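The structure appears below as structure tokens.
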Amino acid sequence: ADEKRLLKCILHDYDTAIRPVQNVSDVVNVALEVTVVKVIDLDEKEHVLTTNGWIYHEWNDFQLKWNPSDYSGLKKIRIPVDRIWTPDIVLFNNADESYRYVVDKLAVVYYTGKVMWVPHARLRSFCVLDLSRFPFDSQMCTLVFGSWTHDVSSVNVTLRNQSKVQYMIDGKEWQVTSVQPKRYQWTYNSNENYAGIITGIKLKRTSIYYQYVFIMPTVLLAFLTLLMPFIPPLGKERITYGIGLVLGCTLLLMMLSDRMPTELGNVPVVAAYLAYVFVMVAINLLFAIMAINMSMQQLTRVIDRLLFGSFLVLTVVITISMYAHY
Amino acid sequence: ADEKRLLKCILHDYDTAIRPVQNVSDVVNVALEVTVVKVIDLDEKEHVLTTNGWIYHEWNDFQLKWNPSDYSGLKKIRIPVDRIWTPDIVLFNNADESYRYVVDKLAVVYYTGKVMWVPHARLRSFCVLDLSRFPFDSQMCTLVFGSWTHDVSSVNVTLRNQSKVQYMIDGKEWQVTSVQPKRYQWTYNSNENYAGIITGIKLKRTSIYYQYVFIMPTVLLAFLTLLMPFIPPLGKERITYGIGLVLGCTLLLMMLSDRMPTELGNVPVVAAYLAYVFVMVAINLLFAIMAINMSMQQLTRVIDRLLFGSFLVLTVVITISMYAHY
Amino acid sequence: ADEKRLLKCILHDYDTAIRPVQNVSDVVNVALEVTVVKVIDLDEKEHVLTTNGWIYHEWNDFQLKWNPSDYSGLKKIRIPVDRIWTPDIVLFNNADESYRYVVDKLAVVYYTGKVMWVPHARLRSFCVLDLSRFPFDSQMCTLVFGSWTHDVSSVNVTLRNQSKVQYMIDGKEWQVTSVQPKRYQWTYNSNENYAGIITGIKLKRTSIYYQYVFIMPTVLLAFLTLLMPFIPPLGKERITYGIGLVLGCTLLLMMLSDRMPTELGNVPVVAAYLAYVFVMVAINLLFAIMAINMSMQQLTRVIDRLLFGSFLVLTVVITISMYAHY
Amino acid sequence: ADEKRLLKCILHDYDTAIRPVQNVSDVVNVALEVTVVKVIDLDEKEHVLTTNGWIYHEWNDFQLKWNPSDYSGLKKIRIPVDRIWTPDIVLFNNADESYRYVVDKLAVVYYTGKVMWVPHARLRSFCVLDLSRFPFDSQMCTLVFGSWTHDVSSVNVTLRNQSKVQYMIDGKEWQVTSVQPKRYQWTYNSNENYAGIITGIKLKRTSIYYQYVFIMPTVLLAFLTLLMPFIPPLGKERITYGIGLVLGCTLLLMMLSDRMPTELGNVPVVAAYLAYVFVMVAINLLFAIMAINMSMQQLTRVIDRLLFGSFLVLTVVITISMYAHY
Amino acid sequence: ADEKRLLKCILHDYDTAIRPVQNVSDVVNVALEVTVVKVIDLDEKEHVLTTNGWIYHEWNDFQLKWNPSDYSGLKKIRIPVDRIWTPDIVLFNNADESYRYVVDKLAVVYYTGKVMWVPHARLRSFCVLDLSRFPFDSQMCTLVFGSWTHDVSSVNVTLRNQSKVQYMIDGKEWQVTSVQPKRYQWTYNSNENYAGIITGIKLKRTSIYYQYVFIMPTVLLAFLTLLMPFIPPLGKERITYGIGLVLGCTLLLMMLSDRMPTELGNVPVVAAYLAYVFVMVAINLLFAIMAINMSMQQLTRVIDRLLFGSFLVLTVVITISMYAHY
Ligand SMILES: *[C@@H]1O[C@H](CO)[C@@H](O)[C@H](O)[C@H]1NC(C)=O
Ligand SMILES: *[C@@H]1O[C@H](CO)[C@@H](O)[C@H](O)[C@H]1NC(C)=O
Ligand SMILES: *[C@@H]1O[C@H](CO)[C@@H](O)[C@H](O)[C@H]1NC(C)=O
Ligand SMILES: *[C@@H]1O[C@H](CO)[C@@H](O)[C@H](O)[C@H]1NC(C)=O
Ligand SMILES: *[C@@H]1O[C@H](CO)[C@@H](O)[C@H](O)[C@H]1NC(C)=O
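Protein chains in written order, with the deposited numbering: chain E, 44 to 339, 446 to 475; chain A, 44 to 339, 446 to 475; chain B, 44 to 339, 446 to 475; chain C, 44 to 339, 446 to 475; chain D, 44 to 339, 446 to 475.
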């Protein structure tokens with residue numbers, strides 16, 4: 044067949060390690076575009092972002108050159124990348140042992156020498172996230188692609204400006220929206236430059252899981268702690284009520300500590316609210332113990454009334470602040 | 044032997060990367076049928092479906108052509124796929140790093156050129172599931188198979204209509220039933236088309252695990268919360284009973300939050316019932332605290454009677470609604 | 044040396060994909076015997092059985108044939124399986140991504156053409172288990188070995204009847220005993236037959252872990268629930284005692300739900316006993332609340454006496470039934 | 044260079060599968076010595092021992108033979124094992140899917156034909172452990188190395204008696220000391236013998252983790268249970284104290300069951316002590332309920454005094470026995 | 044092209060296993076420098092340090108030698124390491140099964156024969172850590188690189204003194220600072236020396252996670268235990284308050300035991316503080332039980454006053470000591 048003829052012709056002496064430049068003072072312009080098809084997860088316990096998508100490679104191999112008229116058309120031809128040269132472009136913030144692709148067995152080569160690859164992949168990428176508004180947090184995770192072997196004088200990583208589009212994924216957790224990728228240049232020993240593309244995706248947590256698990260038991264334990272100082276001290280049920288709030292808030296703290304990551308810069312607002320509720324139970328237990336201590446003078450109810458007034462107004466302020474965060 | 048003769052004959056110049064078409068404007072029709080032998084698990088915590096089954100490949104390789112009379116019969120012959128051409132057909136929603144097969148070492152080739160492969164595999168597939176009726180939920184998970192390298196003008200993925208059958212698996216968790224697969228066409232840059240088969244399987248959770256773990260302690264804590272307002276307030280055991288319900292419902296919430304996934308769109312009905320029980324304990328604690336607060446006028450029992458009446462009728466309505474869900 | 048001479052002689056034109064039959068209407072009889080050396084674990088949470096053992100292959104390769112007198116003896120010779128033909132026999136219920144062996148680098152070939160392989164392996168096998176008597180359960184897990192590529196007309200999987208022996212392993216968990224393997228024939232599209240061996244091993248759980256973790260706290264919480272109705276109602280300690288049983292039985296339920304698998308057909312007897320204890324605490328709390336409700446007529450002790458009598462006789466019946474299970 | 048000359052000379056016709064014997068009735072003596080550099084962990088939950096060390100191979104390859112005077116010295120030469128013959132010696136109790144080495148890329152070959160390998164490795168080995176003295180337990184785990192392909196008539200596994208040394212590792216968990224390795228011979232079908240070395244290492248748990256987590260809360264809950272019968276029954280705080288001990292001992296039991304393995308032969312002494320404390324709380328709750336039951446004759450304090458006396462003397466006996474275990 | 048000419052010239056007879064020395068009594072000086080770009084995690088539960096960085100190899104290959112004037116410049120050339128010799132330098136304390144690189148597909152070779160490699164990698168390294176000041180602990184973890192095959196007489200591992208720089212990473216967990224690497228020489232059978240570089244990095248935990256999870260509930264439970272002896276004994280709420288502290292401190296202990304590793308040498312200060320709080324609750328429960336025991446002479450308040458005085462002054466001493474640790 045004619046498809047075997049050009050394949051045996053233009054791969055008769057091809058070496059997969061030779062950089063395809065006609066002159067020694069020349070580079071190859073490798074065009075990249077990462078496109079996410081599905082954001083799988085954002086594991087903040089280990090600061091990784093698991094995602095699925097395809098990275099569009101496009102370079103210009105001048106050694107694979109022919110005219111279609113000698114082969115009766117056939118502009119497109121498909122070669123595995125194990126027999127042609129490929130640029131070593133990997134993630135700059137890879138979060139696993141080795142970088143592997145889902146499909147990497149074919150690459151489209153045109154008659155003009157330009158080569159497309161498009162290997163689909165599952166990318167685990169490190170991305171910095173600040174949990175100062177957990178779980179009502181808007182995020183931004185970056186994927187950095189580039190060459191760690193070839194410098195700028197060997198290859199040139201270029202974004203494609205012909206498709207300056209933006210896309211969105213309406214996940215049930217994250218309302219993922221994309222940011223226009225840019226090029227940022229990393230140096231090496233202040234002489235050699237190692238270029239690379241950077242692509243941000245702006246995650247936005249729209250969750251009903253973390254609200255139901257963390258927001259509503261914390262505000263209801265706050266409600267019970269506010270209901271506590273109407274209990275009269277001379278029956279001996281206020282102290283066991285307070286220690287029940289202590290145990291329930293300890294269980295809620297253990298929930299939160301199981302879910303909140305170790306890799307933490309600032310305290311989340313749900314954690315600060317839970318700490319506020321926990322120390323509020325502590326202060327109310329102090330007031331109950333003092334009240335029953337001098338109950339053995447009996448004009449205690451105005452102290453509990455002003456304590457409920459202060460805790461009511463400050464709890465309304467704190468809850469309104471957390472609602473303004475949401 | 045004669046089996047070596049045709050193998051050395053029709054693989055004397057075979058290239059595994061050449062697409063087997065006689066004309067350049069021709070495609071190869073690859074027939075697919077996925078068949079599940081056992082659905083292993085549906086991990087909704089990570090939205091994956093682990094299953095075991097074999098995917099039936101069938102294409103037409105015109106380069107492997109011979110007559111049996113020159114080889115004294117032998118219509119069937121078995122070649123490993125590492126020496127012949129195979130289509131790059133993978134899952135469109137694969138949920139692991141790389142796509143691998145359990146057995147992929149043989150493929151049946153006939154004298155008419157048609158090639159069967161049948162590689163058995165363990166497929167981890169992403170599938171969307173809405174837990175609005177957890178755990179009495181009927182589901183539907185899809186397996187999408189297709190080529191991410193060859194377009195429609197190179198290969199053509201075709202369902203086989205000769206076997207339009209349906210099957211079922213009677214698992215102890217899922218009553219798995221199958222749906223007639225169809226073909227859905229995915230586009231690429233609005234010019235190149237990338238076809239593929241889609242196969243739905245309709246899962247149905249028939250579980251006694253999640254009922255015993257979640258349904259019966261929630262309804263029994265509801266029963267205890269309904270029994271609560273018959274306790275007289277002037278003994279100081281109602282408040283510790285209410286905080287015991289608070290701690291028990293917190294433990295049940297921690298059970299549920301351990302089992303309910305983060306990847307959540309809507310709240311499950313067991314979660315809504317547990318939240319209703321938890322806020323019912325909150326309202327009953329408010330009423331008990333108010334009652335013992337003005338116990339220091447003594448006609449409290451009619452308020453507790455009407456409160457039990459309202460909680461009884463609304464609890465019967467909610468439990469009847471959850472039973473109508475089941 | 045003479046060992047290289049026959050190796051270069053009878054592998055001078057050997058193809059590893061040719062099925063070794065002299066006539067086209069002939070099969071090769073591959074003799075199998077799986078032998079377990081150690082049953083590692085039975086993970087019922089994922090329905091897998093991890094085991095270690097060697098599978099004894101034995102077939103008849105007529106292409107490796109020589110007389111010892113031309114090579115001065117040397118009946119035994121050892122060839123890696125990468126250079127000779129091997130049958131593609133795998134597990135029919137494999138529970139991992141790919142089937143791999145611990146040692147697969149040598150195979151013994153005799154002068155009569157018969158070939159032994161014996162690759163040792165760690166097998167993860169799916170096996171159906173019914174937990175209707177957890178944890179006093181006698182089990183049976185099956186290992187099915189066969190070819191998914193070669194049919195009956197290509198290879199023939201045969202058990203060896205020369206060694207019809209039975210063995211046993213005295214593990215600290217499982218008293219593992221073996222069952223005589225048999226041959227069961229699986230069909231494919233009702234025309235092609237795909238044979239295979241099946242080997243059952245009869246596990247028997249002899250555990251002191253699950254007894255100490257689950258049986259004794261459940262029966263002691265039953266003992267405390269039986270001790271509950273001797274508490275007089277007019278002190279207000281019966282209700283907090285009952286809610287303490289509620290919280291303790293909730294903790295025990297959370298233990299059991301952590302250990303009991305999701306993949307569940309029937310409720311275990313320890314789970315049914317725990318549910319019975321939990322609803323017994325519910326009924327006793329109902330009786331205590333009713334008693335203290337009409338304590339505000447004072448002839449309550451006969452009701453508690455008959456309640457203890459009914460709960461005593463039915464608890465003795467249930468505990469005797471669970472002991473008869475053991 | 045001269046280093047390439049002998050490498051091309053004595054590997055000009057080398058086959059990596061030929062067993063290096065001049066006569067057919069000859070074996071090769073492969074000398075083994077495993078040396079542990081660091082014991083990583085002993086996971087008793089899965090009965091594995093993770094360790095790091097190098098296994099010293101030494102055999103006599105008569106096919107790699109030369110005199111140094113033809114190559115101007117160069118007695119030592121270094122060949123990768125992929126081009127020379129190596130014996131297939133693996134662990135007899137391997138605890139992973141496949142046996143792999145950390146470094147296996149070089150092997151030292153001398154001019155006398157003797158070959159050293161020394162591949163460093165991370166070994167996961169099954170070893171039997173009896174937890175009858177957890178966590179004050181002295182242990183012994185074995186590493187068994189041998190060939191599962193070559194029998195005694197092919198290779199001969201030999202310990203080296205020139206280095207009959209013993210070593211020790213002072214870990215913060217295990218005071219690891221080594222035992223002089225010996226040779227134990229395993230049979231196969233009572234005709235073929237499969238030899239192998241066995242090496243015991245005597246672990247000794249010197250832990251402050253398991254003491255602080257398990258020993259001190261159990262003995263302090265025992266202390267509280269002993270303090271319980273001084274509470275007078277006519278205040279209704281003894282029953283809630285006893286149910287608080289029930290809940291605390293249930294939490295401690297859940298700690299222990301999380302840490303104690305399923306793979307259990309005998310109950311640990313900490314588990315037996317916790318069960319004794321738990322049933323002691325049960326007996327004390329029975330005595331408190333009886334006392335408050337006939338409190339409605447008032448000479449109860451001598452019964453509580455003799456109960457404290459019996460529980461004191463038997464608790465001192467049990468604690469002295471557990472201290473004598475330590 | 045000219046780039047293929049020298050590649051075919053100086054690799055026309057290259058063997059990848061020959062050590063590149065002109066004389067037999069010569070070594071190759073391999074220059075190493077590990078550089079960390081991001082410290083991923085320090086898992087003290089398994090004593091591993093996961094990090095990302097590149098290790099700078101530099102050796103002198105005299106077999107790859109040419110002048111640029113015969114090839115019109117081209118001093119730099121890039122060869123994959125699979126076709127040239129590379130030194131077998133691995134981690135001496137590797138914490139996984141096999142040592143693999145992220146990128147290892149290129150290596151820069153100059154016209155003077157010196158070869159750079161720079162493979163980026165994710166290193167899991169064992170490092171000793173003493174948790175005597177958890178979580179306010181300054182740490183030091185070491186990465187040891189060297190050859191386990193080539194001795195000092197074959198290769199020579201050398202640090203590069205031209206870049207004696209120090210760097211820092213401002214993580215949200217660890218304020219990572221680097222230490223000047225040195226060379227330490229390991230012996231083998233007291234005759235052969237096996238050199239290697241060692242590089243320390245000085246970690247410093249600056250966390251708000253472990254403080255909020257462990258420090259504040261322990262000090263607040265200490266605060267509640269200090270508030271306990273103002274409760275009058277003749278109401279029967281002191282004992283249930285003390286058992287509530289017992290249950291809350293048990294939950295906090297279970298938090299800490301879940302987070303504190305088994306691999307423990309000394310008790311952490313948070314663990315010692317929690318044990319002190321737990322035994323303080325025990326002593327206060329003893330004093331409350333004694334007080335209510337002889338309440339049935447009534448001058449008890451001075452004993453509780455001196456007990457609060459002693460517990461106040463010793464708690465201030467302990468908390469000031471833990472603050473001086475911080
Ligand atoms: C790489 O391509 C960009 C595209 O604009 C260009 O600006 C840059 O100079 C190029 N780098 C080179 C030629 O080294
Ligand atoms: C692929 O096969 C289907 C089968 O009906 C056909 O409808 C479709 O036109 C084919 N696609 C081509 C030929 O591009
Ligand atoms: C396979 O071997 C068994 C052994 O008895 C025999 O019964 C069966 O007929 C054989 N199958 C064939 C020859 O297809
Ligand atoms: C293997 O070596 C040991 C070393 O003493 C020897 O006793 C034994 O007989 C040898 N086995 C043979 C030669 O089969
Ligand atoms: C290795 O290099 C160091 C660098 O100073 C040198 O001191 C040492 O002697 C060398 N080792 C040899 C030549 O064996």
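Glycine included, every Cβ here is placed at the ideal spot set by N, Cα and C.
In the structure shown, residue 179/A falls within a coil segment according to DSSP collapsed to helix, strand and coil. In this structure, the C-beta of residue 199/A approaches ligand 2 to less than 7 Å from one of its heavy atoms.
The beta carbon of residue 334/E sits closer than 6 Å to the beta carbons of 276, 449 from its chain, once the five residues preceding and following it are set aside; these are given in chain order. Proximity of the region 261 to 270 of chain A to the region 260 to 268 of chain B falls short of the contact definition, fewer than three beta-carbon pairs being nearer than 8 Å.
By the neighbour-count criterion, in which 16 or more other beta carbons inside 10 Å mark a residue as buried, residue 458/C falls on the exposed side.
With the criterion set as a beta carbon lying under 8 Å from some beta carbon of chain E, the members of the region 184 to 197 of chain A are 191, 192, 193, 197, in sequence order.
For residue 58/D, DSSP records no beta bridge to any residue. Note that the region 139 to 147 of chain B touches the region 137 to 157 of chain A; at least 3 beta-carbon pairs, one per stretch, sit closer than 8 Å. Inclusion of residue 70/B in the 7 Å shell around ligand 3 follows from its C-beta lying nearer than that to a non-hydrogen atom of the ligand. Per DSSP, residue 307/C lies in no beta strand (DSSP E) segment and is marked neither H nor E.
Assignment of beta-bridge partners to residue 120/A by DSSP yields 152/A. Each of 55/B, 469/B, 79/B was checked against the Cα of residue 209/B, and the nearest Cα belongs to 79/B. Distance from the Cα of residue 253/D is smallest, within the candidate group 327/D, 178/D, 225/D, 219/D, for 178/D. For residue 195/C, the distance from the CB to the nearest heavy atom of ligand 4 is below 7 Å. Taking the Cα positions, residue 130/D is about 47 Å away from residue 170/A. With 16 or more other Cβ atoms from the protein chains shown falling within 10 Å of its own Cβ, residue 150/E counts as buried.
Of all residues in the region 135 to 146 of chain D, those with a C-beta nearer than 7 Å to a C-beta of chain C are 137, 140, 141, 142, reading in chain order. Residue 288/D places its beta carbon 8 Å or farther from that of residue 322/E. Considering only 119/E, 154/E, 244/E, 219/E, the residue with the shortest C-alpha distance to residue 187/E is 244/E. By the rule that beta-carbons nearer than 8 Å mark a contact, residue 458/C does not touch chain D. The region 47 to 65 of chain B makes contact with the region 97 to 110 of chain B, as at least three CB pairs between them are under 8 Å. When DSSP assignments are scanned along the region 188 to 213 of chain C, the uninterrupted stretches of beta strand (DSSP E) that are 3 or more residues long and fall wholly within it turn out to be 198 to 202, 211 to 213.
Under DSSP, residue 243/C shares a beta bridge with 185/C.
Taken in chain order, the unbroken stretches of beta strand (DSSP E) that lie wholly in the region 62 to 150 of chain C and span 3 residues or more are 71 to 86, 91 to 103, 120 to 122, 132 to 134.
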